[PDB]
$ cat start-v4.txt   # compact mmCIF, C-alpha atoms and all ligand atoms
# COMPACT_ATOMS: atom_id res chain seq x y z
CA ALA W 1 91.19 119.81 41.71
CA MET W 2 89.15 116.74 40.77
CA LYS W 3 85.58 115.52 41.29
CA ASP W 4 84.06 115.77 44.77
CA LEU W 5 84.57 112.46 46.60
CA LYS W 6 82.69 113.37 49.80
CA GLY W 7 80.10 110.82 50.91
CA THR W 8 81.28 107.98 48.66
CA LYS W 9 82.55 104.51 49.48
CA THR W 10 85.62 105.41 47.40
CA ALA W 11 86.43 108.11 49.97
CA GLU W 12 86.57 105.52 52.75
CA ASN W 13 88.52 103.10 50.54
CA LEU W 14 91.19 105.74 49.90
CA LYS W 15 91.44 106.23 53.67
CA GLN W 16 91.79 102.50 54.34
CA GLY W 17 94.27 102.17 51.48
CA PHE W 18 96.37 104.96 52.97
CA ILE W 19 96.38 103.24 56.37
CA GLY W 20 97.52 99.94 54.88
CA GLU W 21 100.22 101.47 52.70
CA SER W 22 101.56 103.49 55.64
CA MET W 23 101.83 100.36 57.80
CA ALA W 24 103.43 98.41 54.95
CA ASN W 25 106.32 100.83 54.51
CA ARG W 26 107.06 100.81 58.25
CA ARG W 27 106.78 97.01 58.42
CA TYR W 28 109.03 96.32 55.44
CA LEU W 29 111.75 98.71 56.63
CA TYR W 30 111.61 97.03 60.05
CA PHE W 31 111.83 93.58 58.43
CA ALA W 32 114.76 94.81 56.32
CA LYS W 33 116.76 95.55 59.48
CA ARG W 34 116.41 91.90 60.50
CA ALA W 35 117.67 90.87 57.06
CA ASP W 36 120.53 93.35 57.55
CA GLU W 37 121.57 91.77 60.85
CA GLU W 38 121.43 88.21 59.51
CA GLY W 39 123.47 88.99 56.39
CA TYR W 40 120.83 88.95 53.63
CA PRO W 41 121.71 92.21 51.84
CA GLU W 42 119.87 91.39 48.61
CA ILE W 43 116.70 90.52 50.53
CA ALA W 44 117.10 93.68 52.62
CA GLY W 45 117.58 95.79 49.50
CA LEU W 46 114.48 94.28 47.90
CA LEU W 47 112.42 94.98 51.03
CA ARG W 48 113.63 98.59 50.98
CA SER W 49 112.71 98.94 47.30
CA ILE W 50 109.25 97.45 47.87
CA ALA W 51 108.91 99.93 50.75
CA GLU W 52 109.52 102.75 48.25
CA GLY W 53 106.64 101.34 46.23
CA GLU W 54 104.39 101.53 49.28
CA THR W 55 105.50 105.14 49.79
CA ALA W 56 104.42 105.97 46.24
CA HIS W 57 101.09 104.25 46.89
CA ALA W 58 100.46 106.12 50.15
CA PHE W 59 101.36 109.47 48.56
CA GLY W 60 99.09 108.73 45.60
CA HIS W 61 96.20 107.97 47.94
CA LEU W 62 96.80 111.35 49.58
CA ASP W 63 96.84 113.02 46.15
CA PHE W 64 93.35 111.71 45.36
CA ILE W 65 92.12 112.47 48.88
CA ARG W 66 93.37 116.05 48.60
CA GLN W 67 92.18 116.64 45.02
CA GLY W 68 88.80 115.07 45.84
CA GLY W 69 88.07 117.47 48.69
CA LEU W 70 88.57 114.88 51.44
CA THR W 71 90.30 115.25 54.80
CA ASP W 72 93.45 113.81 56.35
CA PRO W 73 92.92 110.11 57.21
CA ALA W 74 94.64 110.60 60.57
CA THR W 75 92.92 113.76 61.80
CA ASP W 76 89.82 114.47 59.66
CA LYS W 77 91.23 117.92 58.91
CA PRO W 78 91.72 119.50 55.46
CA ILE W 79 95.21 119.27 53.97
CA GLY W 80 94.89 121.40 50.85
CA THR W 81 97.36 124.16 51.70
CA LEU W 82 100.64 124.05 53.59
CA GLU W 83 99.08 125.93 56.51
CA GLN W 84 96.28 123.35 56.63
CA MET W 85 98.86 120.55 56.53
CA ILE W 86 100.65 122.03 59.55
CA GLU W 87 97.31 122.50 61.32
CA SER W 88 96.60 118.80 60.71
CA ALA W 89 99.98 117.87 62.20
CA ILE W 90 99.24 120.03 65.25
CA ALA W 91 95.83 118.42 65.74
CA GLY W 92 97.21 114.89 65.54
CA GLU W 93 100.15 115.50 67.86
CA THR W 94 97.83 117.27 70.31
CA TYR W 95 95.48 114.27 70.39
CA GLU W 96 98.47 111.98 70.97
CA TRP W 97 99.95 113.86 73.94
CA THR W 98 96.74 115.07 75.63
CA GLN W 99 94.72 111.85 75.27
CA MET W 100 96.15 108.80 73.51
CA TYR W 101 99.58 108.11 75.00
CA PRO W 102 98.71 109.20 78.57
CA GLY W 103 95.76 106.81 78.43
CA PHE W 104 97.92 104.03 77.00
CA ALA W 105 100.41 104.58 79.82
CA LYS W 106 97.73 104.49 82.53
CA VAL W 107 96.33 101.21 81.15
CA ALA W 108 99.80 99.66 80.85
CA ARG W 109 100.49 100.40 84.52
CA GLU W 110 97.09 99.03 85.54
CA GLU W 111 97.81 95.82 83.61
CA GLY W 112 101.23 95.42 85.23
CA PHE W 113 103.46 96.45 82.31
CA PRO W 114 105.49 99.35 83.75
CA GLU W 115 108.23 99.21 81.09
CA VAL W 116 105.63 99.59 78.33
CA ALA W 117 104.06 102.40 80.37
CA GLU W 118 107.42 104.19 80.55
CA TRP W 119 107.66 103.93 76.75
CA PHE W 120 104.18 105.41 76.30
CA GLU W 121 105.09 108.21 78.73
CA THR W 122 108.27 108.97 76.79
CA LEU W 123 106.18 109.17 73.63
CA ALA W 124 103.59 111.43 75.27
CA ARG W 125 106.34 113.94 76.08
CA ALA W 126 107.74 113.56 72.56
CA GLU W 127 104.41 114.29 70.88
CA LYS W 128 103.95 117.40 73.03
CA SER W 129 107.37 118.57 71.83
CA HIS W 130 106.34 117.86 68.24
CA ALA W 131 103.10 119.80 68.69
CA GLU W 132 104.93 122.82 70.11
CA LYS W 133 107.40 122.85 67.22
CA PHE W 134 104.62 122.60 64.63
CA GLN W 135 102.77 125.44 66.38
CA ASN W 136 105.93 127.53 66.02
CA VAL W 137 105.90 126.73 62.29
CA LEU W 138 102.28 127.84 61.93
CA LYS W 139 102.78 131.17 63.72
CA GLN W 140 105.72 131.87 61.41
CA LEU W 141 103.76 130.92 58.28
CA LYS W 142 100.86 133.17 59.34
CA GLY W 143 103.15 136.13 60.09
CA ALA V 1 104.42 89.21 82.08
CA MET V 2 105.68 91.70 79.50
CA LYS V 3 106.68 88.70 77.37
CA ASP V 4 103.03 87.58 77.17
CA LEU V 5 100.77 90.51 76.24
CA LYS V 6 98.09 88.51 74.43
CA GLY V 7 94.52 89.46 75.23
CA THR V 8 95.36 92.66 77.11
CA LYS V 9 94.29 96.21 76.33
CA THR V 10 97.97 97.16 76.14
CA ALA V 11 98.25 94.76 73.18
CA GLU V 12 95.52 96.67 71.34
CA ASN V 13 97.09 100.01 72.28
CA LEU V 14 100.44 98.97 70.81
CA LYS V 15 98.65 98.05 67.58
CA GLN V 16 96.78 101.35 67.40
CA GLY V 17 99.92 103.27 68.31
CA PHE V 18 101.76 101.58 65.45
CA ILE V 19 99.01 102.50 62.99
CA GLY V 20 99.04 106.15 64.03
CA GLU V 21 102.83 106.43 63.98
CA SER V 22 102.95 104.81 60.53
CA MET V 23 100.47 107.32 59.14
CA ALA V 24 102.29 110.21 60.80
CA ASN V 25 105.59 109.48 59.05
CA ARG V 26 103.88 109.22 55.66
CA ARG V 27 101.88 112.41 56.26
CA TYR V 28 104.86 114.50 57.36
CA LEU V 29 107.04 113.43 54.42
CA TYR V 30 104.14 114.26 52.10
CA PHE V 31 103.69 117.67 53.74
CA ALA V 32 107.44 118.30 53.46
CA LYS V 33 107.16 118.13 49.67
CA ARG V 34 104.78 121.09 49.71
CA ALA V 35 107.21 123.05 51.89
CA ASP V 36 109.94 122.06 49.42
CA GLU V 37 108.04 123.45 46.43
CA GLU V 38 107.14 126.72 48.16
CA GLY V 39 110.66 127.44 49.42
CA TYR V 40 110.34 126.66 53.14
CA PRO V 41 113.45 124.51 53.71
CA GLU V 42 113.45 124.94 57.49
CA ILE V 43 109.82 123.80 57.71
CA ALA V 44 110.55 120.91 55.35
CA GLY V 45 113.60 119.92 57.40
CA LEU V 46 111.59 120.00 60.62
CA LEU V 47 108.85 117.84 59.09
CA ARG V 48 111.50 115.36 57.94
CA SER V 49 113.23 115.26 61.33
CA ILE V 50 109.97 114.81 63.24
CA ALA V 51 109.12 112.07 60.74
CA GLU V 52 112.26 110.25 61.91
CA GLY V 53 110.87 110.48 65.43
CA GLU V 54 107.65 108.82 64.28
CA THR V 55 109.73 106.07 62.64
CA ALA V 56 111.46 105.42 65.96
CA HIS V 57 108.07 105.31 67.69
CA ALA V 58 106.59 102.87 65.16
CA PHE V 59 109.64 100.60 65.34
CA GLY V 60 109.54 100.68 69.14
CA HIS V 61 105.89 99.63 69.09
CA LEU V 62 106.87 96.67 66.89
CA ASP V 63 109.66 95.81 69.34
CA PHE V 64 107.18 95.47 72.21
CA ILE V 65 104.67 93.66 69.97
CA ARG V 66 107.24 91.03 68.99
CA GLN V 67 108.71 90.75 72.50
CA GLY V 68 105.21 90.26 73.89
CA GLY V 69 104.29 87.41 71.56
CA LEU V 70 101.83 89.58 69.63
CA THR V 71 101.11 89.55 65.91
CA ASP V 72 101.70 91.89 62.99
CA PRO V 73 99.21 94.80 63.17
CA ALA V 74 98.55 94.49 59.43
CA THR V 75 98.03 90.73 59.09
CA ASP V 76 97.53 89.16 62.55
CA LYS V 77 100.48 86.87 61.73
CA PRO V 78 103.55 86.29 63.93
CA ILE V 79 106.63 88.30 63.01
CA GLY V 80 109.27 86.92 65.36
CA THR V 81 111.69 85.43 62.83
CA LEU V 82 112.71 86.70 59.41
CA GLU V 83 110.83 83.84 57.73
CA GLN V 84 107.71 84.77 59.70
CA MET V 85 108.15 88.41 58.68
CA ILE V 86 108.28 87.40 55.00
CA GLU V 87 105.28 85.09 55.44
CA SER V 88 103.36 88.03 56.90
CA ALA V 89 104.31 90.18 53.90
CA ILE V 90 103.15 87.45 51.50
CA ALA V 91 99.79 87.15 53.26
CA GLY V 92 99.18 90.90 53.30
CA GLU V 93 100.17 91.51 49.68
CA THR V 94 98.08 88.52 48.59
CA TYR V 95 95.01 89.97 50.31
CA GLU V 96 95.68 93.35 48.67
CA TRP V 97 95.91 92.07 45.08
CA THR V 98 93.31 89.28 45.19
CA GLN V 99 90.61 91.12 47.17
CA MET V 100 91.19 94.63 48.48
CA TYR V 101 92.33 96.71 45.52
CA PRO V 102 90.18 94.90 42.91
CA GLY V 103 87.18 95.57 45.14
CA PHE V 104 88.18 99.20 45.62
CA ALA V 105 88.56 99.56 41.84
CA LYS V 106 85.12 98.09 41.13
CA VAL V 107 83.51 100.47 43.62
CA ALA V 108 85.37 103.46 42.18
CA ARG V 109 84.21 102.61 38.65
CA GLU V 110 80.60 102.11 39.75
CA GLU V 111 80.66 105.42 41.65
CA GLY V 112 81.88 107.29 38.56
CA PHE V 113 85.56 107.85 39.48
CA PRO V 114 87.46 106.15 36.64
CA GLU V 115 90.79 107.85 37.40
CA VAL V 116 90.70 106.53 40.96
CA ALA V 117 89.64 103.11 39.67
CA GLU V 118 92.60 103.02 37.27
CA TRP V 119 94.87 103.88 40.21
CA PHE V 120 93.42 101.04 42.28
CA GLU V 121 93.89 98.67 39.32
CA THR V 122 97.53 99.75 38.95
CA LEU V 123 98.02 99.09 42.66
CA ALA V 124 96.35 95.68 42.43
CA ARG V 125 98.88 94.64 39.79
CA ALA V 126 101.68 96.19 41.85
CA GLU V 127 100.74 94.23 44.98
CA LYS V 128 100.64 91.02 42.92
CA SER V 129 104.22 91.77 41.87
CA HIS V 130 105.17 92.53 45.48
CA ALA V 131 103.62 89.25 46.64
CA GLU V 132 105.60 87.33 44.02
CA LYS V 133 108.83 89.06 45.08
CA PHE V 134 108.23 88.18 48.73
CA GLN V 135 107.41 84.62 47.66
CA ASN V 136 110.81 84.51 45.96
CA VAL V 137 112.44 85.76 49.16
CA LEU V 138 110.84 82.91 51.10
CA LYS V 139 112.03 80.37 48.52
CA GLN V 140 115.56 81.73 48.94
CA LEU V 141 115.38 81.57 52.74
CA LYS V 142 114.18 77.95 52.53
CA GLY V 143 117.04 76.97 50.20
CA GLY V 144 116.01 78.24 46.77
CL CL H 201 120.62 88.17 50.39
CL CL H 202 111.51 127.78 56.01
FE FE H 203 101.07 99.22 48.10
FE FE H 204 103.15 112.13 66.59
FE FE H 205 105.07 109.55 67.47
FE FE H 206 101.43 96.21 49.56
O O H 207 100.56 97.90 49.64
O O H 208 103.22 110.21 66.75
$ encode --input "start-v4.txt" --output "structure tokens"
Amino acid sequence: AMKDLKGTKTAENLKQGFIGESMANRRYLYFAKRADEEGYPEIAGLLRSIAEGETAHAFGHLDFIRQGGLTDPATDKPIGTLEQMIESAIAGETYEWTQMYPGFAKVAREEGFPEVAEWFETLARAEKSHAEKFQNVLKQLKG
Amino acid sequence: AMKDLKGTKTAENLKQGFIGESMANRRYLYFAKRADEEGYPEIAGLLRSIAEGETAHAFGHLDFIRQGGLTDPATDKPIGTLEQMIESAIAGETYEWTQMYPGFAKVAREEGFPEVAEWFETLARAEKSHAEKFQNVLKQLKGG
């Protein structure tokens, strides 16, 4: 491992860097599909390659987070070992299906956006499925 | 009106949902590499397949964001047209190389983490390159 990063500004900067790099990869792949449709294959290919750069950046942020004794940016749980990684996935998916997406759906219906609410409700069910599958992984790793 | 979401709580929830889904895909692909090394191909395959689910979720959030007249979660810029998408990329990468990563690197050096600082400095130069590449894309879309 490396030097303990707990309590530093650098620890928070690695977290914020990870968030930005994660968004960037998703955004650029989404933009590339628009270039695909419109017939700009060289632009689309460049966007996809830049997206690979943002993957490398996000993974590198996680390397320093992990080696510096810090927790998962998304869940505040340790991600040193594979079992811990799966436990972090479980915690995040559980938050999403028990709290986040059901709340998003309720608000969307209150604000008069039932189609968006249906989407959030679909996702709530999907994250519960994800959580159950990750829990099956953990039981098998621990057995 | 689902086509005008501006100023609503649903607008903020779509943004936060996109952020979480984006992180989830990155996290699960990263975790899959550990399963790969240790010889857990079924676990790695599950992580990768669930990661595809989180991609679909993130992209769907962006669909509703764009259809509702909302802005890019990362830059607060419109992303309706391809040119707007590229202009959002330029703005974000420019912020990253002129301000964010240089500031992160300075803090890392002052806090005694030179390896992290060097990483942030590498990324600052990388985002400058990315910004220039997106700038070229825009020139090409405009006729260049
Ligand atoms: Cl092209
Ligand atoms: Cl396996
Ligand atoms: Fe980057
Ligand atoms: Fe999820
Ligand atoms: Fe999801
Ligand atoms: Fe970037
Ligand atoms: O980035
Ligand atoms: O998710």
$ residues_near_ligand --input "start-v4.txt" --ligand "ligand FE 203 (chain H)" --cutoff "7 Å" --atoms "only C-alpha atoms and all ligand atoms" --output "VMD selection string"
(chain W and resid 21 53 to 54 57) or (chain V and resid 123 126 to 127)
$ closest_atom_pairs --input "start-v4.txt" --of "chain V" --to "ligand FE 205 (chain H)" --cutoff "6 Å" --atoms "all atoms listed in the file" --output "CSV"
residue,atom,partner,partner_atom,distance
V:21,CA,H:FE205,FE,5.2
V:54,CA,H:FE205,FE,4.2
V:57,CA,H:FE205,FE,5.2
$ closest_atom_pairs --input "start-v4.txt" --of "chain V" --to "ligand O 208 (chain H)" --cutoff "12 Å" --atoms "only C-alpha atoms and all ligand atoms" --output "CSV"
residue,atom,partner,partner_atom,distance
V:16,CA,H:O208,O,11.0
V:17,CA,H:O208,O,7.8
V:18,CA,H:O208,O,8.8
V:19,CA,H:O208,O,9.6
V:20,CA,H:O208,O,6.4
V:21,CA,H:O208,O,4.7
V:22,CA,H:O208,O,8.2
V:23,CA,H:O208,O,8.6
V:24,CA,H:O208,O,6.0
V:25,CA,H:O208,O,8.1
V:26,CA,H:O208,O,11.2
V:27,CA,H:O208,O,10.8
V:28,CA,H:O208,O,10.5
V:50,CA,H:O208,O,8.9
V:51,CA,H:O208,O,8.6
V:52,CA,H:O208,O,10.3
V:53,CA,H:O208,O,7.8
V:54,CA,H:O208,O,5.3
V:55,CA,H:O208,O,8.7
V:56,CA,H:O208,O,9.6
V:57,CA,H:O208,O,7.0
V:58,CA,H:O208,O,8.2
V:59,CA,H:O208,O,11.6
V:60,CA,H:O208,O,11.7
V:61,CA,H:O208,O,11.2
$ write_last_selection --input "start-v4.txt" --atoms "C-alpha atoms" --output "mmCIF file, in the frame of the given file"
data_model
loop_
_atom_site.group_PDB
_atom_site.id
_atom_site.type_symbol
_atom_site.label_atom_id
_atom_site.label_comp_id
_atom_site.auth_asym_id
_atom_site.auth_seq_id
_atom_site.Cartn_x
_atom_site.Cartn_y
_atom_site.Cartn_z
ATOM 1 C CA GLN V 16 96.780 101.350 67.400
ATOM 2 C CA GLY V 17 99.920 103.270 68.310
ATOM 3 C CA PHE V 18 101.760 101.580 65.450
ATOM 4 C CA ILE V 19 99.010 102.500 62.990
ATOM 5 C CA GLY V 20 99.040 106.150 64.030
ATOM 6 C CA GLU V 21 102.830 106.430 63.980
ATOM 7 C CA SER V 22 102.950 104.810 60.530
ATOM 8 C CA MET V 23 100.470 107.320 59.140
ATOM 9 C CA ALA V 24 102.290 110.210 60.800
ATOM 10 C CA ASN V 25 105.590 109.480 59.050
ATOM 11 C CA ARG V 26 103.880 109.220 55.660
ATOM 12 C CA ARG V 27 101.880 112.410 56.260
ATOM 13 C CA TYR V 28 104.860 114.500 57.360
ATOM 14 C CA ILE V 50 109.970 114.810 63.240
ATOM 15 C CA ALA V 51 109.120 112.070 60.740
ATOM 16 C CA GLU V 52 112.260 110.250 61.910
ATOM 17 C CA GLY V 53 110.870 110.480 65.430
ATOM 18 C CA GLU V 54 107.650 108.820 64.280
ATOM 19 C CA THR V 55 109.730 106.070 62.640
ATOM 20 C CA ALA V 56 111.460 105.420 65.960
ATOM 21 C CA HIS V 57 108.070 105.310 67.690
ATOM 22 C CA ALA V 58 106.590 102.870 65.160
ATOM 23 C CA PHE V 59 109.640 100.600 65.340
ATOM 24 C CA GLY V 60 109.540 100.680 69.140
ATOM 25 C CA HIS V 61 105.890 99.630 69.090
#
$ residues_near_ligand --input "start-v4.txt" --ligand "ligand CL 201 (chain H)" --cutoff "8 Å" --atoms "all atoms listed in the file" --output "ChimeraX atom specification"
/W:35,39-44
$ closest_atom_pairs --input "start-v4.txt" --of "chain W" --to "chain V" --cutoff "7 Å" --atoms "only C-alpha atoms" --output "Markdown table"
| residue | atom | partner | partner_atom | distance |
| --- | --- | --- | --- | --- |
| W:10 | CA | V:108 | CA | 5.6 |
| W:13 | CA | V:104 | CA | 6.3 |
| W:19 | CA | V:23 | CA | 6.4 |
| W:22 | CA | V:22 | CA | 5.3 |
| W:23 | CA | V:22 | CA | 5.3 |
| W:26 | CA | V:22 | CA | 6.2 |
| W:30 | CA | V:59 | CA | 6.7 |
| W:31 | CA | V:85 | CA | 6.4 |
| W:34 | CA | V:82 | CA | 6.5 |
| W:35 | CA | V:82 | CA | 6.9 |
| W:43 | CA | V:137 | CA | 6.5 |
| W:50 | CA | V:130 | CA | 6.8 |
| W:59 | CA | V:30 | CA | 6.6 |
| W:74 | CA | V:23 | CA | 6.8 |
| W:82 | CA | V:34 | CA | 6.4 |
| W:85 | CA | V:31 | CA | 6.3 |
| W:104 | CA | V:13 | CA | 6.3 |
| W:107 | CA | V:10 | CA | 6.6 |
| W:108 | CA | V:10 | CA | 5.6 |
| W:113 | CA | V:2 | CA | 5.9 |
| W:130 | CA | V:50 | CA | 6.9 |
| W:137 | CA | V:43 | CA | 6.7 |
$ atom_distance --input "start-v4.txt" --atom1 "CA of residue 76 in chain V" --atom2 "CA of residue 99 in chain V"
17.0 Å
$ atom_distance --input "start-v4.txt" --atom1 "CA of residue 83 in chain W" --atom2 "CA of residue 142 in chain W"
8.0 Å
$ atom_distance --input "start-v4.txt" --atom1 "CA of residue 117 in chain W" --atom2 "CA of residue 15 in chain V"
14.6 Å
$ closest_atom_pairs --input "start-v4.txt" --of "chain W" --to "ligand FE 204 (chain H)" --cutoff "8 Å" --atoms "all atoms listed in the file" --output "tab-separated table"
residue	atom	partner	partner_atom	distance
W:89	CA	H:FE204	FE	7.9
W:92	CA	H:FE204	FE	6.6
W:93	CA	H:FE204	FE	4.7
W:96	CA	H:FE204	FE	6.4
W:126	CA	H:FE204	FE	7.7
W:127	CA	H:FE204	FE	5.0
W:130	CA	H:FE204	FE	6.8
W:131	CA	H:FE204	FE	8.0
$ write_last_selection --input "start-v4.txt" --atoms "C-alpha atoms" --output "PDB file, keeping the file's coordinate frame"
ATOM      1  CA  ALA W  89      99.980 117.870  62.200  1.00  0.00           C
ATOM      2  CA  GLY W  92      97.210 114.890  65.540  1.00  0.00           C
ATOM      3  CA  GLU W  93     100.150 115.500  67.860  1.00  0.00           C
ATOM      4  CA  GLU W  96      98.470 111.980  70.970  1.00  0.00           C
ATOM      5  CA  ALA W 126     107.740 113.560  72.560  1.00  0.00           C
ATOM      6  CA  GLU W 127     104.410 114.290  70.880  1.00  0.00           C
ATOM      7  CA  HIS W 130     106.340 117.860  68.240  1.00  0.00           C
ATOM      8  CA  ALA W 131     103.100 119.800  68.690  1.00  0.00           C
TER       9      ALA W 131
END
$ closest_residue --input "start-v4.txt" --among "V:121, V:4, V:97, V:142" --to "ligand O 207 (chain H)" --atoms "only C-alpha atoms and all ligand atoms"
V:97
$ closest_residue --input "start-v4.txt" --among "V:6, V:124, V:68, V:135" --to "ligand O 207 (chain H)" --atoms "only C-alpha atoms and all ligand atoms"
V:124
$ closest_residue --input "start-v4.txt" --among "V:69, V:98, V:36, V:77" --to "ligand FE 206 (chain H)" --atoms "all atoms listed in the file"
V:98
$ residues_near_point --input "start-v4.txt" --point "(88.4, 113.7, 55.8)" --cutoff "12 Å" --atoms "all atoms listed in the file" --output "list in words"
residues 5, 6, 7, 8, 11, 12, 13, 14, 15, 16, 62, 64, 65, 66, 67, 68, 69, 70, 71, 72, 73, 74, 75, 76, 77, 78, 79, 80 and 88 of chain W
$ decode --input "start-v4.txt" --residues "range 122-139 of chain W" --atoms "N, CA, C and O atoms" --output "tab-separated table (two decimals), in the first residue's frame"
chain	number	residue	atom	x	y	z
W	122	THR	N	-38.93	1.36	-12.74
W	122	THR	CA	-38.21	0.29	-13.42
W	122	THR	C	-36.81	0.14	-12.85
W	122	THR	O	-36.34	-0.97	-12.57
W	123	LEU	N	-36.12	1.27	-12.65
W	123	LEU	CA	-34.75	1.22	-12.14
W	123	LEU	C	-34.72	0.72	-10.70
W	123	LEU	O	-33.81	-0.03	-10.33
W	124	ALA	N	-35.69	1.11	-9.88
W	124	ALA	CA	-35.74	0.60	-8.51
W	124	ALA	C	-35.79	-0.92	-8.50
W	124	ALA	O	-35.05	-1.58	-7.75
W	125	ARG	N	-36.65	-1.51	-9.33
W	125	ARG	CA	-36.71	-2.97	-9.41
W	125	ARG	C	-35.41	-3.54	-9.93
W	125	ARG	O	-34.96	-4.60	-9.48
W	126	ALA	N	-34.77	-2.86	-10.89
W	126	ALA	CA	-33.51	-3.35	-11.44
W	126	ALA	C	-32.41	-3.35	-10.39
W	126	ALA	O	-31.63	-4.31	-10.31
W	127	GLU	N	-32.32	-2.30	-9.58
W	127	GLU	CA	-31.27	-2.25	-8.57
W	127	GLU	C	-31.49	-3.30	-7.48
W	127	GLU	O	-30.52	-3.83	-6.93
W	128	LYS	N	-32.75	-3.60	-7.15
W	128	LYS	CA	-33.00	-4.69	-6.21
W	128	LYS	C	-32.51	-6.02	-6.78
W	128	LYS	O	-31.91	-6.83	-6.07
W	129	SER	N	-32.76	-6.25	-8.08
W	129	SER	CA	-32.24	-7.44	-8.73
W	129	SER	C	-30.72	-7.48	-8.67
W	129	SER	O	-30.12	-8.52	-8.37
W	130	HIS	N	-30.07	-6.35	-8.96
W	130	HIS	CA	-28.61	-6.28	-8.88
W	130	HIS	C	-28.14	-6.63	-7.48
W	130	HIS	O	-27.21	-7.42	-7.30
W	131	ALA	N	-28.76	-6.03	-6.46
W	131	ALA	CA	-28.36	-6.28	-5.08
W	131	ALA	C	-28.47	-7.76	-4.74
W	131	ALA	O	-27.56	-8.33	-4.12
W	132	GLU	N	-29.56	-8.41	-5.15
W	132	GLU	CA	-29.74	-9.82	-4.84
W	132	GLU	C	-28.67	-10.67	-5.51
W	132	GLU	O	-28.17	-11.63	-4.92
W	133	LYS	N	-28.31	-10.34	-6.75
W	133	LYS	CA	-27.28	-11.10	-7.44
W	133	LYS	C	-25.91	-10.90	-6.81
W	133	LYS	O	-25.13	-11.85	-6.69
W	134	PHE	N	-25.59	-9.67	-6.39
W	134	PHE	CA	-24.33	-9.44	-5.70
W	134	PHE	C	-24.30	-10.17	-4.36
W	134	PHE	O	-23.26	-10.70	-3.95
W	135	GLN	N	-25.43	-10.19	-3.64
W	135	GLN	CA	-25.48	-10.94	-2.39
W	135	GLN	C	-25.20	-12.42	-2.62
W	135	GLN	O	-24.53	-13.07	-1.81
W	136	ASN	N	-25.71	-12.97	-3.73
W	136	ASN	CA	-25.41	-14.36	-4.06
W	136	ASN	C	-23.91	-14.55	-4.30
W	136	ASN	O	-23.34	-15.58	-3.91
W	137	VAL	N	-23.26	-13.57	-4.92
W	137	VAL	CA	-21.81	-13.63	-5.12
W	137	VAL	C	-21.10	-13.68	-3.78
W	137	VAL	O	-20.18	-14.49	-3.57
W	138	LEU	N	-21.49	-12.81	-2.85
W	138	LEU	CA	-20.79	-12.72	-1.57
W	138	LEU	C	-20.90	-14.01	-0.78
W	138	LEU	O	-19.89	-14.53	-0.28
W	139	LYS	N	-22.11	-14.56	-0.67
W	139	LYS	CA	-22.29	-15.84	0.02
W	139	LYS	C	-21.39	-16.91	-0.57
W	139	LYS	O	-20.82	-17.73	0.17
